[PDB]
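One structure is given below, encoded as structure tokens.
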Number of protein chains: 2
Amino acid sequence: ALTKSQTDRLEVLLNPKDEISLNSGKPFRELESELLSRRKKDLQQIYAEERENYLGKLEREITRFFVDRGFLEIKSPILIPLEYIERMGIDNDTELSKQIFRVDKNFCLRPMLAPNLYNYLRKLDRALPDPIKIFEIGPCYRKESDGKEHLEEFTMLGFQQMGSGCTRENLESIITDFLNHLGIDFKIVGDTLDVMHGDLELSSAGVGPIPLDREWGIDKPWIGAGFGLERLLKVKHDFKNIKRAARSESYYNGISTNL
Amino acid sequence: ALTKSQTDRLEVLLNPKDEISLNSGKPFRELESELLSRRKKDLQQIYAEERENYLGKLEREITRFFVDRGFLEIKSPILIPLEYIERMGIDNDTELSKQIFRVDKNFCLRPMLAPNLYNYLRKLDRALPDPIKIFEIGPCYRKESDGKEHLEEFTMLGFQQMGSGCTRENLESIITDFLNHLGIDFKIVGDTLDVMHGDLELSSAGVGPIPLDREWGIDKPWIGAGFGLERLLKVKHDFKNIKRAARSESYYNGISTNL
Ligand SMILES: Nc1ncnc2c1ncn2[C@@H]1O[C@H](COP(=O)(O)OP(=O)(O)NP(=O)(O)O)[C@@H](O)[C@H]1O
Ligand SMILES: Nc1ncnc2c1ncn2[C@@H]1O[C@H](COP(=O)(O)OP(=O)(O)NP(=O)(O)O)[C@@H](O)[C@H]1O
Ligand SMILES: N[C@H](Cc1cccc(C(F)(F)F)c1)C(=O)O
Ligand SMILES: N[C@H](Cc1cccc(C(F)(F)F)c1)C(=O)O
Ligand SMILES: [Mg+2]
Ligand SMILES: [Mg+2]
Ligand SMILES: [Mg+2]
Ligand SMILES: [Mg+2]
């Protein structure tokens with residue numbers, strides 16, 4: 001009989017498409033040696049052929065989708081003024097107020113893309129024709145309890161359109177084309193809306209105007225959404241724990257690096 | 001005569017390829033209105049045609065170069081254990097010890113890619129054939145004095161090869177092909193080596209083994225280098241201040257967003 005500690009070790013080496021059973025009559029050492037051989041082989045094939053990181057490749061694939069749909073690619077600061085958090089309405093009564101990674105006295109690691117996207121919408125409205133379509137992909141940070149669906153360091157896609165054409169129908173059409181392009185099953189549940197894969201939230205989306213817009217100098221309708229890239233990878237590759245998709249020293253494209 | 005404050009404002013709106021002179025006999029308001037029209041036009045052309053961010057596009061171009069040369073694309077944590085800094089030999093007698101952005105009690109924003117690349121080399125040596133070639137591109141953080149060549153939030157390319165073929169000649173060949181591919185003039189000065197554009201350091205490169213390797217479980221020869229992406233963009237686009245190439249709310253592809 002395998003110990004719990006031994007089964008934990010084998011599950012680190014198990015990939016979703018393996019057809020091995022750990023309740024066999026086979027000893028630990030031989031199940032471990034079999035899985036180690038498979039995972040080394042998996043890494044050798046990546047190294048010999050594609051050599052691309054899942055998280056990097058997904059960001060590039062999403063970038064192409066949105067650029068091709070007419071959205072401007074934004075790269076904005078990850079380390080942001082702490083004042084942005086309060087100005088987002090994130091006060092002490094919100095869960096999120098307790099999740100902020102503070103840096104020095106007046107800064108923090110951004111937990112979301114919305115402040116920077118608001119600022120870009122306001123500034124670009126002085127220069128670009130209506131409607132204004134922008135998106136950003138990059139690191140975001142939140143303190144979280146341990147859990148199979150949460151990382152403290154993750155990657156968010158955020159997109160926003162401002163001006164004409166900002167209807168819930170158009171928002172759902174973007175989400176639907178996007179996820180059908182990536183090959184990810186979803187349901188939209190609902191002006192706020194969540195994009196669900198079973199019980200897992202892939203995105204929260206919204207339709208403006210909302211009262212918060214005024215604090216950011218925004219006074220036009222808008223639609224937008226935010227997606228976690230590691231949650232998309234978790235669903236696409238059927239990972240049991242989102243740690244397999246993270247920026248990590250422990251996994252490469254979902255393969256354990258502790259071999 | 002323009003005030004100093006007015007000339008500062010015009011220089012925000014000036015792009016390197018403009019052929020306007022601010023020592024003309026033209027009033028500020030009309031020089032400002034001319035430049036504002038040009039910069040709005042520049043943003044409209046980006047939005048209508050390419051829509052890609054300089055920093056994102058450069059990262060994708062560098063990724064293709066290194067993947068095509070046989071290097072594995074790594075995406076590792078930006079928020080790293082504080083212990084990694086000391087283990088890199090960064091003690092109190094180094095400038096860098098005073099430049100760390102600490103987060104909570106045991107973490108920091110990485111100021112370099114070397115700790116994570118060392119860890120990946122050690123782990124992948126159990127699985128991949130010799131030689132092991134890896135690279136990473138992503139955010140790095142250092143407290144800096146104000147200066148036209150430094151950002152507190154920047155983007156570093158780091159690459160490393162371990163095992164056979166780790167000669168200074170091979171290292172210089174990688175650097176030379178890389179920068180000739182990007183179209184960036186350089187000189188290599190020198191086992192340590194710096195890649196210079198005039199007085200600007202584009203890269204520091206190195207040849208192992210070195211004594212530090214043992215602390216990271218490394219005992220094979222290696223070559224590698226680290227490049228700042230914003231410095232590469234600064235040189236390529238002839239920006240006067242690296243702020244024009246940064247993750248920013250103030251500039252988009254070097255164009256002022258304050259129009
Ligand atoms: N800690 C996290 N790790 C990974 N992805 C995350 C994390 N927090 C948020 N996301 C993703 O970012 C998207 C937009 O952020 P947000 O709607 O604020 O998440 P959320 O409401 O906190 N979801 P949840 O924490 O699971 O109830 C979410 O739909 C997730 O896909
Ligand atoms: N603050 C910064 N802003 C932008 N790029 C940077 C910064 N610090 C380092 N880099 C880049 O990262 C590369 C590798 O890091 P490193 O060799 O440690 O820089 P460095 O020695 O501090 N150069 P410098 O600070 O100008 O004397 C450098 O060659 C630069 O191109
Ligand atoms: N669901 C969002 C993610 C998000 C990204 C970009 C824009 C927006 C917008 F303001 F459009 F809703 C949201 C969050 O975490 O705030
Ligand atoms: N010049 C380096 C940048 C760097 C990146 C990746 C690897 C390495 C290596 F360990 F190869 F030298 C260095 C620094 O800042 O440490
Ligand atoms: Mg949450
Ligand atoms: Mg949500
Ligand atoms: Mg320095
Ligand atoms: Mg240096």
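Below, read A as the first sequence line, B as the second, and so on, with proteins coming before strands; counting in each chain starts at 1. Just so you know, ligand 1 is whichever comes first in the structure, and atom 1 is the first atom listed for that ligand.
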Whether the side chain of A:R231 engages the backbone of A:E149 through a donor-acceptor N/O pair (distance < 3.5 Å, no angle test) should be reported.
yes
Do any non-hydrogen protein atoms sit less than 4.0 Å from atom 27 (O) of ligand 2?
no
Pair A:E230 + A:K234, salt bridge at N-O below 4.0 Å:
no
Ligand 2 to B:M156 polar contact by distance, N or O atoms, under 3.5 Å:
no
What I want to know is whether B:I242 and ligand 2 share at least one N or O pair that is separated by under 3.5 angstrom.
no
Where's the contact between B:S203 and ligand 2, heavy-atom distance under 4.0 Å: side chain, backbone, both or neither?
backbone
Tell me the protein N, O or S atoms under 2.8 Å from the Mg ion (ligand 6), in chain and number order.
A:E201 OE2, A:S204 OG
Applying a 4.0 Å heavy-atom criterion (strictly less than), which segment of B:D194 is in contact with ligand 2: side chain, backbone, both, or neither?
neither
For A:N53, is there any backbone N or O sitting under 3.5 Å from a side-chain donor or acceptor partner on B:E73?
yes
Could you note down all residue pairs passing salt bridge (charged side-chain N to carboxylate O under 4.0 Å, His left out) where residues 86-96 of chain B supplies at least one of them, sequence neighbours left out?
B:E83-B:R87, B:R87-B:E215
Identify the residue among A:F154, A:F186, A:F178 that makes a ring-ring contact (aromatic ring centres under 6.0 Å, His included) with A:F227.
A:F178
Distance from B:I74 atom CD1 to B:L124 atom CG, nearest 0.5 Å?
6.0 Å
For atom 30 (C) of ligand 2, which of the options B:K234, B:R231, B:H197 provides the nearest non-hydrogen atom?
B:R231
Measure from every N or O atom of ligand 3 to the protein's N or O atoms and keep only the pairs below 3.5 Å, writing each with atom names and distance to 0.1 Å.
residue	atom	partner	partner atom	Å
ligand 3	1 (N)	A:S204	O	3.1

What residue pairs, at least two apart or across chains, pass salt bridge (charged side-chain N to carboxylate O under 4.0 Å, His left out) with a residue in residues 245-259 of chain B?
A:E136-B:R247
Is B:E11 paired with B:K243 through a side-chain N to carboxylate O contact shorter than 4.0 Å?
no
May I ask you to identify, for B:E201, whether its side chain, its backbone, both or neither come under 4.0 Å of ligand 2 on a heavy-atom basis?
both
